[PDB]
Amino acid sequence: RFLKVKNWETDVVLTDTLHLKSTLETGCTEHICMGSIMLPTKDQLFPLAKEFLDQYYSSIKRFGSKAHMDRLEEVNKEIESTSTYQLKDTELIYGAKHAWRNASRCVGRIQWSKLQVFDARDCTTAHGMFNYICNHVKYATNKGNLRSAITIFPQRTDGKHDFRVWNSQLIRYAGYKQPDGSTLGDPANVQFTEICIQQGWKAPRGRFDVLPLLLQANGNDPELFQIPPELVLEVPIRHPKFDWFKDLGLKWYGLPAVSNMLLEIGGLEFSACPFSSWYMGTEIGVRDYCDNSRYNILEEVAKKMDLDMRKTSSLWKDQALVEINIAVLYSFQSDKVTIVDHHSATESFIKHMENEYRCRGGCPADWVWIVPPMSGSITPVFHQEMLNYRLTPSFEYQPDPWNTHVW
Amino acid sequence: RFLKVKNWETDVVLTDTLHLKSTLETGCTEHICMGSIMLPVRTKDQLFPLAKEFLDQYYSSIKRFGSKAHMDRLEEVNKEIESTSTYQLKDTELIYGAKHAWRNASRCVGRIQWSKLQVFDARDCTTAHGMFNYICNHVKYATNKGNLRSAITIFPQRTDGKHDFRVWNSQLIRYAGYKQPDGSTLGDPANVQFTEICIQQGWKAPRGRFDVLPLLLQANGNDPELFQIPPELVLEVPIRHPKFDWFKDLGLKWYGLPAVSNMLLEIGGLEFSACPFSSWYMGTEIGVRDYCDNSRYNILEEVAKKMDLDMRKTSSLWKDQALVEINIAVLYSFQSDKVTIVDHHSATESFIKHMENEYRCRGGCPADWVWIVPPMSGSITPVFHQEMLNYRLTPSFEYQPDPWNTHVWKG
Ligand code: HEM
Ligand code: HEM
Ligand SMILES: C[C@H](O)[C@H](O)[C@H]1CNc2nc(N)[nH]c(=O)c2N1
Ligand SMILES: C[C@H](O)[C@H](O)[C@H]1CNc2nc(N)[nH]c(=O)c2N1
Ligand SMILES: NC(=[NH2+])NCCC[C@H](N)C(=O)O
Ligand SMILES: NC(=[NH2+])NCCC[C@H](N)C(=O)O
Ligand SMILES: [Zn+2]
């Protein structure tokens, strides 16, 4: 069964055979589409393993080879014997790269092949985790010349000895709920901040406090560690034409490092797998700065611009938004910290997507996430149809550890 | 089976029971979501269920479910379908049906207005000329000197599929598109093909960047005929900017009345192949899509130039900066001529209110996130952060193929 996707700006059509290899469910049915919903055993394990191994071996052009069968045989026995198994270094790398390749919500995926993979499966303690993580941050930041990396901690076993990173990103600002009801710093992290504090963190209480790492190894209680400040690259936010802008007091960190996700490879579950790359401007300028439930800076930025804020139809929110995003890309570029604007980013993903249909017969994409949170229809992805299906290896969500942890 | 939708900006949660009454298919499956795919002659036995269902809804809506009136009508329609292999809707039903097809239009952000809709019954129409007159009346009623009113005109339903009434224009009022030999396009590229059909059919084309197209009307399965809409009936807004005096020099204007004409209205199984409906524009439809889409009027570069923006590097956000001004200039021009119009903030805010009310009183409200979210400043409108379930309810507005692709020319 073939499927076609049209680009309504170029009339380009692509045929998707890849969705055929789909496994997981979408949350959608014949009678309902949940495309905008944010979150919709030995015998179990071997099929999963076999499938992965087949992919891998096909990818290296040894499908059916003796090597292939042997490995198949080996893994087989190992699962029967140990009720789990271990991936060869090559497989772990292939698996990680490909989970990224399959991340339908990622516009960055043209880069999927150039990924630095750190094997931290020999890790056993939170302190071990802290050290590994520090190495990742440093390698990835690279003095502002950002590099994509992932660090993979030991896989789950009985589910009672999970490695987990309790932060949602390696580096994020704290959130303090004041008594008057307002919030200081980043409201997104208010709850995590309360857990840190509650666990011993001496909170400075500022609008941009780098949070402590809170690391759980082997199922043990989480432990706090401060990331060497020297390791935390930051960009002060100023506007190329508004000298009053810097006075707003805004900065952001240069390294987005999602840490709360779950990497699945050949049936194996890696519950702690921080990955990092570089920001698209909008993530910060639009979502982090202007979301009503984040830093929410539109009013203030507007005021300083003296815009007509009486009537929404002045598009004062829109005007401010553009400046704010101009100031973010500007600040970063001026400090030579890697960053990409939403136009370049989306243009590349079209190129990527095309190439993926050519060489792979498809490329799963979540339109809702792929399209930037501003200027949607002026980027090429708006006009681009996308089929969304779920391929493994994958990155999955998982519950916040505090909701599930057995203290 | 209940379903919940969260608003990630307010944490409001809503429970959807309404999707249960869903009938049509989504194009989606357990293994694939086509949520971003633009487009994913009946029978006696087919028709009555469709009719019965509709009638049940209607009667429930007036609080006569199971009433003698209800059963009789049920009985009547029944016999009529058996006898005539079709049937006719009471005036009350046609109105209920139309209003509710709008109410179920999952791609419509304007639906808070769904109840206040002027319905024109043009089922007695028989000729293209008849159609032209009806349409002129609609345009005039709806425009209302710039104080826009929502209206729909419903022409005779399909019978054997050989005597369809069709409006060949996609909107009652739209600008022409001429493909020049150098490869460029004059006017609106979206209508180039329709323009060629008009010309080919006798239209004397002015060849300008804003020529109101002739109506091309088909009655009873007959060949289409041309009619010019009285210019005095076609309200237009010259586009200028409240601070850029150079803007008016761009030479831009738009018409004040969006009137989708190429859609198919289905009610109680009946198919109304010609049903122009009209309301008022949301700014972005014009400022963002019609003006800035690359394949429409594509004015970003020029607007940028005049602003002398840094167009060397995309990261100057020159496209973004121009876009905002252009949209400011559209809402401005219209408001200054007192032609109804709504900005994307007000529009999306209202739809949240509407959506909430719909969950309260109706147990749901089908919505297509991809279409509901404005083509600019997405995440600063409330609908971005709003989860939406999309399912298909009837009565509905459906797409249908372009008439020229299917028409059996009589000559
Ligand atoms: C290299 C440049 C990259 C860029 C420009 C980029 C860009 C983005 C953006 C803008 C989002 C939306 C995130 C949000 O709105 O919160 C996203 C999501 C995502 N990206 Fe990428 N990314 C890059 C690299 C990577 C890498 C290295 C990985 C993993 C190896 C990855 C996997 C993902 C995943 C799993 C999501 C969805 C996460 C979630 O649901 O919160 N990306 N990316
Ligand atoms: C009165 C104020 C209204 C507003 C502000 C409004 C707004 C909109 C907008 C912005 C769209 C997106 C259209 C596009 O992107 O091309 C849309 C789509 C749609 N609306 Fe409305 N509308 C209104 C009234 C109506 C009426 C009167 C009807 C029918 C009776 C209707 C039914 C629809 C339908 C069927 C679509 C889908 C069109 C398509 O698929 O191309 N709306 N509406
Ligand atoms: C309701 C909707 O699913 C939710 O707001 C989504 C919308 N689209 C998005 N797209 C991206 N890239 N990132 C996000 O956090 C969201 N949030
Ligand atoms: C491919 C994609 O679905 C297509 O560009 C859609 C996306 N969202 C839209 N949303 C609205 N309201 N109107 C449109 O024409 C579109 N175009
Ligand atoms: N480019 C990335 N890898 N982004 C990861 C998620 C970052 C997150 N959206 C933020 O703005 O904080
Ligand atoms: N508000 C409406 N009824 N819009 C109908 C579609 C108009 C279309 N978006 C246009 O720009 O021409
Ligand atoms: Zn779907």
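When a ligand or atom number is given, it counts from 1 through the structure's own listing order. Letters A, B, ... mirror the listed sequences (proteins, then strands); counts begin at 1.
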Just need the protein heavy atom nearest to [atom], so name the residue and atom and give the distance.
| atom | value |
| --- | --- |
| atom 40 (O) of ligand 2 | B/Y399 OH, 2.4 Å |
| atom 41 (O) of ligand 2 | B/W371 CH2, 3.4 Å |
| atom 29 (C) of ligand 2 | B/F277 CD1, 3.4 Å |
| atom 3 (N) of ligand 5 | A/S277 OG, 3.0 Å |
| atom 13 (C) of ligand 2 | B/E285 OE1, 3.7 Å |
| atom 5 (C) of ligand 2 | B/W280 O, 3.7 Å |
| atom 4 (N) of ligand 5 | A/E283 OE1, 2.8 Å |

Any nitrogen or oxygen of A/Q169, side chain or backbone, less than 3.5 Å from one on ligand 5?
yes
Any N/O pair A/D288/ligand 5 closer than 3.5 Å
yes
Is the closest side-chain donor-acceptor distance between [X] and [Y] under 3.5 Å?
| X | Y | value |
| --- | --- | --- |
| B/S273 | B/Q400 | no |
| B/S106 | B/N390 | yes |
| B/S170 | B/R174 | yes |
| A/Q333 | B/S315 | yes |
| A/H342 | A/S375 | no |

Nearest heavy atoms of [X] and [Y], plus distance in Å:
| X | Y | result |
| --- | --- | --- |
| B/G35 | B/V370 | O-CG2, 3.6 Å |
| B/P375 | B/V288 | CB-CG1, 3.6 Å |
| B/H138 | B/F277 | CE1-CA, 4.3 Å |
| A/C363 | A/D16 | N-OD2, 3.8 Å |
| B/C292 | B/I326 | SG-CD1, 3.4 Å |

Sub-4.0 Å heavy-atom contact, [X] with ligand 2:
| X | answer |
| --- | --- |
| B/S150 | yes |
| B/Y281 | no |
| B/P374 | no |

Verify side-chain contact (heavy atoms from CB on, under 4.5 Å) between B/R296 and B/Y291, making sure each step is shown before the conclusion.
CA-CA 6 Å; B/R296 304 295 299 282; B/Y291 280 162; over 6 Å; no
Under a 4.0 angstrom heavy-atom cut-off, which atoms of ligand 5 come close to A/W278?
1 (N)
Is the NZ atom of A/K114 crowded by more than 12 outside heavy atoms at less than 6.0 Å?
yes
Other residues, nucleotides and ligands only: do more than 12 of their heavy atoms fall within 6.0 Å of CD on B/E398?
yes
Please list, in chain and residue-number order, the protein N/O/S atoms closer than 2.8 Å to atom 21 (Fe) of ligand 2.
B/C108 SG
For ligand 2, note which part of B/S278 has a heavy atom under 4.0 Å away: side chain, backbone, both or neither.
backbone
Non-hydrogen atoms closer than 4.0 Å to ligand 4: which protein residues do they belong to? List them by chain and number, please.
A/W367, A/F382, A/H383, A/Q384, A/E385, B/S36, B/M38, B/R289, B/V370, B/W371
Under 6.0 Å from the six-membered ring centre of A/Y173 and within 45° of its axis: does the NZ or CZ of A/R207 meet both?
no
Atom indices of ligand 2, in the order listed, that fall short of 4.0 Å to a heavy atom of B/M282
10 (C)
For B/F397, take its heavy atoms, then give the atoms of ligand 2 lying under 4.0 Å from any of them.
29 (C), 30 (C), 35 (C)
Does only the side chain of A/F275 get under 4.0 Å from ligand 5, or the backbone, or both, or neither? Count heavy atoms.
neither
How does A/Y253 reach ligand 5, if at all, at less than 4.0 Å between non-hydrogen atoms: by side chain, backbone, both, or neither?
side chain
Contact check: B/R289 vs ligand 2, nitrogen or oxygen atoms, below 3.5 angstrom
no
Assess whether side-chain contact (heavy atoms from CB on, under 4.5 Å) is satisfied between B/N104 and B/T394, documenting all intermediate values.
CA-CA 7 Å; B/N104 297 340; B/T394 48; 5.6 Å; no
Test side-chain contact (heavy atoms from CB on, under 4.5 Å) applied to B/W280 and B/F334, step by step:
CA-CA 11 Å; B/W280 56 84; B/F334 274 57; over 6 Å; no
Mind running side-chain contact (heavy atoms from CB on, under 4.5 Å) on A/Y253 and A/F208 for me, showing each step along the way?
CA-CA 9 Å; A/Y253 54 92; A/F208 298 105; over 6 Å; no
Check against ring pair (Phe, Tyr, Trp, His ring centres under 6.0 Å), B/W8 and B/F384:
CA-CA 9 Å; B/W8 290 84; B/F384 184 94; over 10 Å; no
When A/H383, A/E385, A/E354, A/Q384 are each screened for side-chain hydrogen bond (donor to acceptor under 3.5 Å, both in side chains) with A/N7, the one that passes is A/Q384
